[PDB]
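# Results of the structural survey
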Amino acid sequence: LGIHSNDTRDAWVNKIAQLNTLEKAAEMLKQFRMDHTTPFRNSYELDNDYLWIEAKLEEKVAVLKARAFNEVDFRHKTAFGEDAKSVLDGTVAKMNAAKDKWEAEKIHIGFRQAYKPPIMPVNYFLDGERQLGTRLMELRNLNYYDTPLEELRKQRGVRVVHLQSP
Amino acid sequence: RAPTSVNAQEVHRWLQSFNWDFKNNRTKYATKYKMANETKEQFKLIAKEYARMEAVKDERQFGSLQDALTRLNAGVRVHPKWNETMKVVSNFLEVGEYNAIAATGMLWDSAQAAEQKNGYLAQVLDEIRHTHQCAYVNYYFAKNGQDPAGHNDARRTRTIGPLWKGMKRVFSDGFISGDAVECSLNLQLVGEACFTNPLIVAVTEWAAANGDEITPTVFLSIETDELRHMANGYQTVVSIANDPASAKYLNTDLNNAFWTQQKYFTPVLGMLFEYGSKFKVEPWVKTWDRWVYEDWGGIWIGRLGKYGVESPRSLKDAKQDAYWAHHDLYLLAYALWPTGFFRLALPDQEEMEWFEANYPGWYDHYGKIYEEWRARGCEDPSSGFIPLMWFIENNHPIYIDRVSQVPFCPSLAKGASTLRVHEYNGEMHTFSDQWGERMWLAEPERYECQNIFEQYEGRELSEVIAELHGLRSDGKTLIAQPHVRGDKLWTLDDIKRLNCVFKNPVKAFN
Amino acid sequence: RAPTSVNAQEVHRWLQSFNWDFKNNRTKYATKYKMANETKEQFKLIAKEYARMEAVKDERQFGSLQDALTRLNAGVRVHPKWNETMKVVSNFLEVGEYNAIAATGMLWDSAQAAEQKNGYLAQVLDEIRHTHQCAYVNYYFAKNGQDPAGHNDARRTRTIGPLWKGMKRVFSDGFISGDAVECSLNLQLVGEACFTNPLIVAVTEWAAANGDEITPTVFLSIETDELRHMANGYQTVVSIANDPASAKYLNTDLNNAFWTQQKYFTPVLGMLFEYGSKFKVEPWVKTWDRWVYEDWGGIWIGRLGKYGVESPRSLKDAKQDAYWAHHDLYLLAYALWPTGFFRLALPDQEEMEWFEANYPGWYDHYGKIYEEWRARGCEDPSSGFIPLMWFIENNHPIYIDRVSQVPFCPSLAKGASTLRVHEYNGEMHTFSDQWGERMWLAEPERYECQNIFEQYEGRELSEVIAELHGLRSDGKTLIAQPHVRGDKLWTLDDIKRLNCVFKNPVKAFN
Amino acid sequence: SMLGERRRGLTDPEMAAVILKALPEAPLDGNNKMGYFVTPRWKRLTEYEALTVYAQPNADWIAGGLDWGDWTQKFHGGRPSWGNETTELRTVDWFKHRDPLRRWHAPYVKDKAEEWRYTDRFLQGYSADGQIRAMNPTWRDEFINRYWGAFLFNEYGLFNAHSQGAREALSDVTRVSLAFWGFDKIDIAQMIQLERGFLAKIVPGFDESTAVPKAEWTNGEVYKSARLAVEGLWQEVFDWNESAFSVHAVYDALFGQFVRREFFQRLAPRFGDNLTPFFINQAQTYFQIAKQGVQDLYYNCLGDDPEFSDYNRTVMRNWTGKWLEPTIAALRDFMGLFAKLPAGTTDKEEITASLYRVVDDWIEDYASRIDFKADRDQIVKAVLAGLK
Amino acid sequence: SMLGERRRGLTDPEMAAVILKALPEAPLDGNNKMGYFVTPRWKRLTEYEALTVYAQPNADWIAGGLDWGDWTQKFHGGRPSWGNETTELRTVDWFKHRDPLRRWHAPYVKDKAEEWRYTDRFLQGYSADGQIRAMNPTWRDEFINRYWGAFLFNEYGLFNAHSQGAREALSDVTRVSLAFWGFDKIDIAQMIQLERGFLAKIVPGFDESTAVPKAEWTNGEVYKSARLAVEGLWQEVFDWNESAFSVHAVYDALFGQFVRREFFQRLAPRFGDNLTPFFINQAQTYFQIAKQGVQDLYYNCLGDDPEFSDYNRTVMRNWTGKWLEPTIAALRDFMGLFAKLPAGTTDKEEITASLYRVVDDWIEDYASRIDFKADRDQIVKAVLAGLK
Ligand SMILES: Oc1ccc(F)cc1
Ligand SMILES: Oc1ccc(F)cc1
Ligand SMILES: [Fe+3]
Ligand SMILES: [Fe+3]
Ligand SMILES: [Fe+3]
Ligand SMILES: [Fe+3]
């Protein structure tokens, strides 16, 4: 009852089985990613099982989306009815209009938490990934070491709990 | 009607023209650089000639292995410690070779010139070969060795221990996750040019010294393929040297690449070499200095200067933290021996003399500790003592760097002892150096790797081992051991009866 | 439309039918036997598949030699005495293998059944493989060993000495000169089955015991090909058992083949094994007794009894003469050491105990002779002494068997001490046994081989050695030596000092 | 020196003595089988499986993984090293796949090396045997140096189409097959050039430059539609499986198999050209080799997945339709090539019989596997509608 | 036991030290090149030469031998193991010959092994690609099964013609080449059977029995004279050189090249047969490989011998005239096979041109080398008379 098989993981296999609606499932996944993934997650209570759980949901969402959408849609329409190409072009715009890395990083991460497959089709997702990621790095790696650690910590907004250097 | 044919070079002359321009003819991966579409590769090879030169090599290699080496029982007449060392060296290097497959694939996708794509392609295939070669070593030692456990299931038993996490960083994720160029620097510009290429030769040296003729037969064969990977890492810089983004980003990804790789290998390689053997070849300090400073940081990087490449700014810092790094790490490795998939041994008398001789001060620190542990019975199953206990008793916390995954103990270390702890959105993070701390502060979403204490928190030791199959065939005896002798092997029960439960060391700051 | 192919046995099923009838479709060689037209072979092979299975063996063999064995310096780390022995063992077997090429081409001509022809064909290619394999051992030892001389030119330096002559009898002429069937008995039914197959394995044992891993690598590979040659020799007996002539001549030809082979290999192999090695594996006597008496005279001969095959009528004498033969011969080989292409050594103290222990009486006879020669300074270049002289002073003439070419000294030998001297049409002939004598009396025109004494008569020793290139690359030092140490090597002039002139011992008779 | 200054533990008396003294009476575990925990696809575990299965360090959150936790380092943004997010297909295990030919690196390069060495031997025999004499000057300088050559850029394009898969593949067994499928494709492209290069050495005025065959590929009308299908399969698809499936179970299975087999393999002979067929023999041997791997992956494993069988088929049927149309187009534009052939070369009766072979084979080996009910007559009709 | 019972001198501490102690400080001679005394054909001595030359224990009385004295045991009657009496040709050195391909056993079986394994791969790909469908049934069942099939006996007979030379060759280099020329011939006969056996597996009703092909060979008209020539070359010639020379430099160079190249290789393609050409490629590669050895031995060494050049050319000229007639006869009867083809397959002009190609290649590659005066139109005219 720990690493690969545990009570908590079981709890979610049942919770996902009750999902029989592309709408609901797609919603839950979206919320789940907002609740447990990335450094901006709502909490870390599921840290040890979230990656596995999230996948089991992508699974339910995939199976449904397929039995719900149609040829043309499954390839260009998100699980939220949104038009992939549209969203992609939209996020890339915001990103290329980003004033700084702090703003850019928020766009990219946010993009992933919302449109990660089975939400957005893979083809558009990874293409966005290639463009968004490129922007993020360009701003971040510019004069990477100029900001001293002391100031950088304040910028990140981290709570320093301990430091020691002889 | 004279007998005529056509060679690789004659067909390769037209390879560059194989690609053609058009709208979406561009890389699918995020990068800050622009690789020139007129870049050329050094070796004019075609698929068929590549297969031939590799096949000829396989013939020699496997012939030696299946014939003369088996007849000589080369799989057995190897020192126990080294048989164990090769479980890690071969399998850990295998994952490196394996992710190198995806890396050069990603690199192949990045390059636009047909020749540059062809270069990476040759490596994609080479890395597959190296994956199988490393696999064959463990397979051979499992089939004919003095202790198959570990060699036979490292692919899953390596997941129990903490040293494996750091390996995936430098030879897995470091190879494929991030800007294609950054991954190239970690793989070919730093990892391969500074560590892998020199390492592989070193390994055959230590191997030979300890009776191991198997690894030399395979690794030297792997070595013959490296002159191509070097050319690839070199052509990576040449293809972006004209792009303006280069002068603005290159040395940053490189410094981060250098620190990343050295952070792991400096302590890990020296440890495997000096503590995983009986007969010594050369002190790790002398080796490191030659590799990192002279060979790489001096001659190699110097030739790339004309392309705007400078010595990593973290160089002097690395040399500072290096001296005792491997010695500091083995204490943690041995203290946590039940989490490995190999058997460790404590320095014998001749070895302690060797250590003190080459590392003045070694005995008064590491030596005394090892003798204390041994006298207390760390080797004997009936003692009820595992060195981790000693760390708890003397309040010496062991942490895992959130970035490099390298274990470190600031209160006991003789080398670096800096420690930075932070909290962000409900999660604590421990860092062992300023470079890693910066990497995390700047790219928080790139480093969310859970550490062993976090995942094993609250779990009793023997329960984690049994779940992850840290057992030998009899279903009771542990794969890992605190000695390398044939008698008095520790069993799962010997561990259960101790009631060791994992704790997250960071919570002490709460 | 499923993936399908065709294998060797599927094509072989129709091979027997490849041959067709026509007036002159008959063997071109003389023979008293008629090989059955419907005879079949044991292994259903075709050229393609034969090539493939041999090519796989070559990969392992050459792989071991070129890589691991070369890295281990296996060519050097062999006892000096054995390095010398392999000069003779490998080159002499090379000729056996070579003549076996023409021998089987002749059997292939004799066979009328497509399948029996194909069986021999496979050996023709095998024998070429074996010639090149044996040549490779000398090639390897010359390139990587402690003494290339002899290894690098045995094909011409072997012609200087008397031991080579007998070799061409049993493994050259005895393989191709005479009735095809007679030749097959010498080669397969006796040669290989009784001596070669057990020999090849025995040689690999003596080799390993003396540090040689080169020979085991090659010879053990040659051994995997001997299964097919055993079937050929066996099918020769079967392809003629239904012929009325078989009952009249089979046993006569078998008895002669038996004696021919035994007469030479009994004393020469034992000599090479016991006197050409440091570490002993087994006393030649028991080895012989097992091979000739059990494994062959009983096991192998009993199976062929159903075809009219009986047990060699000379087997009794062969055993009675066996016991000391090799000891008798080494005295001669050492006494005539300047006529070889290898270096010889006197038995050391440890060895004399071994010899005496396994052959009581060895010391009072051979032991004392060697001790005297040592005292006379036989190993020292300034002693002006060569054992031949000792035979002169003590009136112990050395004769050469007109038939077997085996040198013998009847007044000193502990084995056969018989001597028959005849005069026929203005020529003298010396025989050493009643079987060789019968052969010559009945077949004078088959045995006209001139011996070394006849060809060298009136010639000064050093002139013969110089004419036949018996020197090392310095153009002065002798290839042959009376000791295996690295210093004080006899030179051509040291032989000249001595002014030794050859004489034909038979000229004394009136 | 003769002995070397370096002492080796296997042969040095002092060192070996120490080694031997430390050895245990017997092996510390009787299970000497590496990969003993792998589920065999056959009777007993094969060398191919031992050396390959689980080499990829995936954690359990990626179907089949045996490791745990997140990757140590990721892409700026948070993108994982390998993730479920790179392909529409889902499965209970990404390690179920097995190459029926069981090819790990060694066997692979061994086989290709033999082909290379024989190829060289063959070429030296062809040129020496003057077999070129019975070769039609037109076919040589036109259909081979222009239309055959141009087809190399086709294979090359399908080669590159594998680049992303080589990076994104979710398992060792699938990554190795993919890599071999693409490596074989570029091999063929180089073989096409090899011949054009050979012809150059024996034919006084034959020009080996790719100038002509390229322009024909980039501007020609024969391949135009085919070149567009390639570009898309390569640079417009970001899903490694979609790329592998579509390229092998659609495009190359139809257009490719036709251009190679039904056109050059079936006509080159008629012009006294056994040279080209020598190479096509290789390309077809490769095709049938890759086909078995493709079938096992998308049908035996994905299509028949114990949990996502219906789901995957839906996606593959979808992908089939998606690319079946551009494939038809590639063919149509190719049909306009018989027109450049001298009269009598072939008639609509044959061209039809061949097309139906391709389509029938395609339906028999691929289409019917995922239940992609298709119409043979309609398809052939649409393609055939491209003749003069 | 894990360590075993047998102790080895290379790894056993005690024994190795005993061995190491007896070793000299350096090699007792610095000449580490086996065969150093052999006169190199090329710039440097080759591994092929070192491992082969002088392996045959000839005495100086057989041109080029380094030994001395008679053989130890001869045949009843006195015949020597090897001797000058077994061939009419004379030379200053029987060891001068060199296989231009420098083939010793290892390279030889290596190359043949590659061809074998690739052949297997080729067939499986061929059957899997279903290419057999477009092959003309008549060509398949009549010309491949019967006529191509009967030719195996021709190759088999030529293989057998080498049996005496394998026994009588006067040197190692010549013996090895001869053995390889004959082994390649039996391989081809077996590849003809292999093809038939393969067809029986993918063609319902195809009988792989050799009964039909054999009856065609032993009693048919088409190969009547071919069989008479082969029976003669094989069993009526006792001179190992007359055999090898006449086979490769007369009969196979004219008849064999015509059948393999100008008939089957030339026409199989016209009937949708890409299968037979695959095997003929091998046969033709083998032919060109042997030709190099054949030219070196008979022209470079014997025909141009510094002392016996005139003599040897006179003799070979004699042999060419002796075997040119039976060879023309064999070609003449073979002309009968053209009448059996479907109307429109080929015509008198194509057939004549193909004959001139074989005759012209022969004149340039063989006849002219010994100044044999051949009249191409006279030879072709004589053969054409066989056209029904
Ligand atoms: O033999 C070994 C194995 C692991 C390690 F960390 C040190 C030495
Ligand atoms: O080492 C040797 C070599 C020849 C011989 F006859 C005995 C021993
Ligand atoms: Fe590598
Ligand atoms: Fe590499
Ligand atoms: Fe043999
Ligand atoms: Fe044999």
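Residues numbered from 1 in each chain as written, not as in the entry; some residues may be left out. Chains lettered and ligands numbered in written order. Part of a larger assembly, values for the part shown. Heavy atoms only, no water. Residues with missing side-chain atoms left out of burial classes, pairs and counts.

Structure determination for this PDB entry was carried out by X-ray crystallography, with a resolution of 2.30 Å recorded in the header.

## Thoughts on the pairing of strand β4 (residues 427–431) of chain C
All names here are of chain C. Rule in force here: Residue burial is assigned from relative accessible area. The probe radius is 1.4 Å, only protein chains are included, and a residue is buried under 20% of its type maximum, exposed over 50%, and partly exposed in between. The way it works is that DSSP assigns letters per residue, a run of H or I at least four long becomes a helix, a run of E at least two long becomes a strand, and they are numbered from the N terminus. By this definition, two strands are paired if DSSP reports at least two bridges between them.
Along β4, four of the five residues are buried, which leaves the element largely enclosed by surrounding structure. When strand β3 (residues 420–424) meets β4, the two strands line up antiparallel, connected through five bridges. Paired with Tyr424 across the strands is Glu427, a residue of β4. Hairpin connection, β3 to β4: the antiparallel pair is bridged by two residues, and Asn425 has positive phi, about 45 degrees.

## Describing the site of ligand 2
Residues and elements named next belong to chain C. The following threshold applies: A cutoff of 4 Å decides nearness: a residue is near a molecule or strand if any of its heavy atoms lies inside that distance of it. Think of a polar contact as two N or O atoms within 3.5 Å of one another; within protein, one of them needs to be a possible hydrogen donor and the other a possible acceptor, and neighboring residues in sequence only count if both atoms come from side chains. Note on areas: Shrake-Rupley, 1.4 Å probe, and residue coverage restricted to the protein chains presented here. Each residue is assigned to one class: nonpolar for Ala, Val, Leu, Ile, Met, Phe, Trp, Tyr, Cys and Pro, charged for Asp, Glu, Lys and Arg, and polar for all the others, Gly among them.
Close to ligand 2 lie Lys81, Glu84, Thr85, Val88, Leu163, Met271, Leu272, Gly276, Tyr330, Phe342 and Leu344. One of the backbone nitrogen or oxygen atoms of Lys81 is found 3.3 Å away from an oxygen atom of ligand 2. Between ligand 2 and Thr85, the relevant distance is 2.7 Å, taken from an oxygen atom to a side-chain nitrogen or oxygen of the residue. Across the complex, the protein chains shield 99% of the 250 Å² of accessible surface that ligand 2 would expose by itself. The set of elements that each furnish at least two residues to the shell around ligand 2 consists of α4 (80–110) and α11 (246–275). Considering only residue class, the shell around ligand 2 consists of seven nonpolar, two polar and two charged.

## Concerning the coordination of the iron ion (ligand 4)
Residues and elements named next belong to chain B. Let me state the cut-off plainly: Each metal site lists N, O and S donors within 2.8 Å (3.2 Å for Na, K and Ca). With water left out of the atoms, a site can look as if it is missing ligands.
Every protein donor of the iron ion (ligand 4) is listed here as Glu127 (OE), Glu192 (OE), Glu226 (OE) and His229 (ND1), and their distances to the metal cover 1.9 to 2.7 Å. Within one chain, the residues serving as donors to the iron ion (ligand 4) are arranged as E-x64-E-x33-E-x2-H. In this model, the iron ion (ligand 4) sits 2.6 Å from the iron ion (ligand 3), the two metals being bridged by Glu127. Here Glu192 is found in helix α7 (residues 180–209), whereas its partner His229 is found in helix α9 (residues 226–238), with 37 residues between them in sequence. Looking at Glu192, the relative accessible area reads 3%, which means it is buried. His229 sits in the buried class, given a relative accessible area of 0%.

## Side note on the UniProt feature "binding site: Fe cation 1" in chain B
All names here are of chain B. Heads up, the condition is: UniProt positions are given in the numbering used here, feature names are shortened, and annotations may be inferred rather than shown by experiment. Residues count as neighbours in contact if any of their non-hydrogen atoms are within 4.5 Å of one another.
When the UniProt feature table is mapped onto this chain, "binding site: Fe cation 1" is found at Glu97, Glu127 and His130. Annotated residues spanning 34 residues; largest pairwise C-alpha distance 5.7 Å, indicating a single compact cluster. With respect to the helices, strands and loops of the structure, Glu97 is situated in helix α3 (residues 80–110). The contacts of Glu97, once residues within four sequence positions are left out, are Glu127, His130, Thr131 and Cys134. Mapped onto the secondary structure, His130 falls in helix α4 (residues 114–144).

## A few points about the site of ligand 1
All names here are of chain B. As a matter of local geometry, ligand 1 sits amid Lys81, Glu84, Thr85, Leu163, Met271, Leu272, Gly276, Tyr330, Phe342 and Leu344. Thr85 is positioned with one of its side-chain polar atoms (N or O) 2.7 Å from an oxygen atom of ligand 1. Sorting the residues of the shell around ligand 1 by element identifies α3 and α10 (244–275) as the ones contributing at least two each. Across the shell around ligand 1, the residue classes break down as six nonpolar, two polar and two charged.

## Points about the interface of chain B and chain D
Contact with chain B, which involves 115 residues of that partner, is made by 113 residues of chain D. Looking at the side of chain B that touches chain D, the elements that each hand over two or more residues are α1 (8–12), α2 (47–71), α3, α4, α5 (154–157), α6 (163–176), α7 and α18 (452–456) of chain B. With 14 residues, the top contributor of residues to the side of chain B that touches chain D is α4(B).

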